[PDB]
Protein chains: 8
Amino acid sequence: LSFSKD
Amino acid sequence: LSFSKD
Amino acid sequence: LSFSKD
Amino acid sequence: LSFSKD
Amino acid sequence: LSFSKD
Amino acid sequence: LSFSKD
Amino acid sequence: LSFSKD
Amino acid sequence: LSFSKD
């Protein structure tokens, strides 16, 4: 489970 | 911003 | 379990 | 800012 | 800006 | 796990 | 700016 | 585990 936002 | 769970 | 924000 | 748990 | 995970 | 920035 | 984890 | 900065 993973989430990323730049 | 980054999140992880194994 | 991990979280990072720069 | 960074957080980890094993 | 916000993030949450339960 | 909760994060906030104004 | 805030972070919490229980 | 809690963190805050104004």
# chains A, B, ... in the order shown; residues from 1 in each chain; ligands from 1
>>> residues_around(residues="residue A:4", least_positions_apart="5", cutoff="9 Å", atoms="only C-alpha atoms", output="ChimeraX atom specification")
/B:1-4
>>> decode(residues="chain B", atoms="C-alpha atoms", output="short mmCIF file (atom, residue, chain, number, x, y, z; two decimals), in the first residue's frame")
data_model
loop_
_atom_site.label_atom_id
_atom_site.label_comp_id
_atom_site.auth_asym_id
_atom_site.auth_seq_id
_atom_site.Cartn_x
_atom_site.Cartn_y
_atom_site.Cartn_z
CA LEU B 1 4.70 13.67 0.41
CA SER B 2 4.96 9.87 0.47
CA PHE B 3 3.40 7.00 2.44
CA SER B 4 4.00 3.23 2.46
CA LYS B 5 2.83 0.16 4.37
CA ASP B 6 4.11 -3.40 3.93
#
